[PDB]
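In the structure tokens that follow, a single protein chain appears in two forms: structure 1, then structure 2.
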Structure 1
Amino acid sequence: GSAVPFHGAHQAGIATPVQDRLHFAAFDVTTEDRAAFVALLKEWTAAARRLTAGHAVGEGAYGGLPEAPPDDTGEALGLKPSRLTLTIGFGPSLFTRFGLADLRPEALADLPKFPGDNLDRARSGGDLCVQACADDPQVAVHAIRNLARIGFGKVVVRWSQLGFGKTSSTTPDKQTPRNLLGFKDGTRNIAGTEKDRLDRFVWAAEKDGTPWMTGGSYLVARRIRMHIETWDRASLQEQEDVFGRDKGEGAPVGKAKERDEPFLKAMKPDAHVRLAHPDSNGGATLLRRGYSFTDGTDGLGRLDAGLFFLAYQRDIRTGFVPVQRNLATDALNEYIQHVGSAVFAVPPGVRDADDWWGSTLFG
């Protein structure tokens, strides 16, 4: 459990084991030159091969010419690879550049406006994303800081989010993590072991209509604030009725164990699990891979905390869109607000040492 292989038919960081920490960054492109952007994707891919093996970028962090800036900023020296994965994605706004408008996938759909949205434009969208996941947050931050530095003059950082899940040194791998509302989160999800369910619900197929995306996936990111101080004043019964599971064991109502299959008719009609379940959505099923956040306190002394929701799917129109539409009457809506949003096409994997991020799109 020290490194995750970078090369594959698929990018790592989707179906590979969930790491303890997240640094997610969205970038905007500042160049109009296609050749200069392809050169960056090749340099970024070379850096990512070094970073995911626990090596410094370029000629290293020290021991070069004294009169040159070092190639690597040095804050990860002495740390382990920490299961780092680096996953790149392309936003809809990238396809307005470089003559790409006819290669935007139909599955990379713009999201509709949903009831109760309060999206901050500054923390939404982006031409590009890099998802950096690792067990050590300094390994993740060092990766984003050095990719941003390599890209300076061709890309800028639009927005950045730090996140946390479990701490693996102290918490067993099989234990479901709790979200900041104190409920177990992830019980009924697609697991990385389920190869057929990934082919059906997560990976883009050649016959889906966009050949360059074969073996890729589609990502939806939502920054969802929780109203923590309001939630903490709710009764135990009110909290359990919102979800349709009990708080201690996380069993479905009228069942005994966390992994018992739910009986949807025993839950309240607007309970979150009942509305989100595939049987309520024509079989629509998601891979959730999100992380908790706590950024600090706002001007009223309230905790700025919530869930940085990440979902992967074969098609945004048949995954996130139908399920989020069905949450229009969710009992949870009283306690949350969606304040950031973005969608990305995540290309296929880097096949070998000579391949590079985006090679199927750019040629």
Structure 2
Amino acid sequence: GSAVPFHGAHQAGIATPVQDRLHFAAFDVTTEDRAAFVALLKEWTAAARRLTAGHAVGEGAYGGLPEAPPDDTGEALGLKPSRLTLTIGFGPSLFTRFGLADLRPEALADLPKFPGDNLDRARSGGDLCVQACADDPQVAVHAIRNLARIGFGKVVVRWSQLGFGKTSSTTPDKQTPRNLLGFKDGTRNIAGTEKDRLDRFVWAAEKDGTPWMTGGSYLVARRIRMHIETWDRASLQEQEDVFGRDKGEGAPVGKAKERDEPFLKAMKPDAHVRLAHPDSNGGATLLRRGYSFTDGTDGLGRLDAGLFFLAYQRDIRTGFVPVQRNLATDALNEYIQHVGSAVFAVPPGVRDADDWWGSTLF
């Protein structure tokens, strides 16, 4: 139930241990006034300091003037911080406004089309995002609701995604969670303690060519539907062959333990792990941080189910793009479909109490 520190060289919610719940919102900007937008970033930063410490925003949730609406909507009263993190990003579309055109980073690349894509335009893109993660769903909803309320008239919610359970790990010392296909997901990631690998593969550097992004990262989001009817009639051997790991322990094929190193040549040539592994991709490595979802039924008698895939990396061109290209022949493609997509530049950390989200850009 403890708090995660809000200030630092980097934003929290990336290398941080993965929390149980997600509420992700993408927003579009409705104001043309640069100064008004800056004022919103400052007000949102102030609110974030309160929320991540388990305090109400502004003057509180009750005990003000009877004839005014409360500053805080009140549904998190009496709850602990619950490891809430709030992570902001800026989409490519933002840079067509406020005179920002020449400051768009090269590393913030538009994704190509991928075979099998079926992207809903309404649940794709966005001028900016807020990733709220916490162990308590009510704490996460409260944060997004209050940020949206504060921004009324300057931003609107484009689309949102809730994740009921995590399917990722930045803590290899703890149990790896399972996705809705029944397999462990997160064994070979990047850990929060691996400072050298984070500098190499996740954090942007000054020399990369965009000074305001130093200490930030780049985010790819992919909404992925799972064909669970089709999966659930596959044999055990078919399921295991698709991944290259066994289902029970999650060990590489032939080996006894989850964390034994994969021997790729023992896997089928189209196995997911074999195609996705850094050694198959010129060393390309990602920080995966996704969550499972279910949004009701499909109207055809079945549960809906999916995975909201999130990856962080130092440059989209050298991270997600080469890996996803190599997945063109993946055995897993028979059972999944990508139906939503977005990319964001995740700025550096809020250094101290005088700093604000986006200060290096603006």
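Structure 1 provides the reference sequence; residues are numbered from 1 along it. Shifts are known only where both forms have a C-alpha. Note that the rigid core is defined as the largest set of C-alphas that superpose within 1.5 Å between two forms.
After superposing on the rigid core, which residue among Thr193, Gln175, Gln237, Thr167 shows a C-alpha displacement of 2 Å or more between structure 1 and structure 2?
The answer here is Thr167.
What is the magnitude, in angstrom, of the C-alpha shift at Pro322 between structure 1 and structure 2 when the rigid core serves as the superposition reference?
For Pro322, the C-alpha ends up 0.1 Å from its position in the other form.
Rigid core superposed, please list the runs of 3+ consecutive shared residues whose C-alphas all move by 2 Å or more between structure 1 and structure 2.
Flagged stretch (3+ res, CA at least 2 Å): just 164 to 173.
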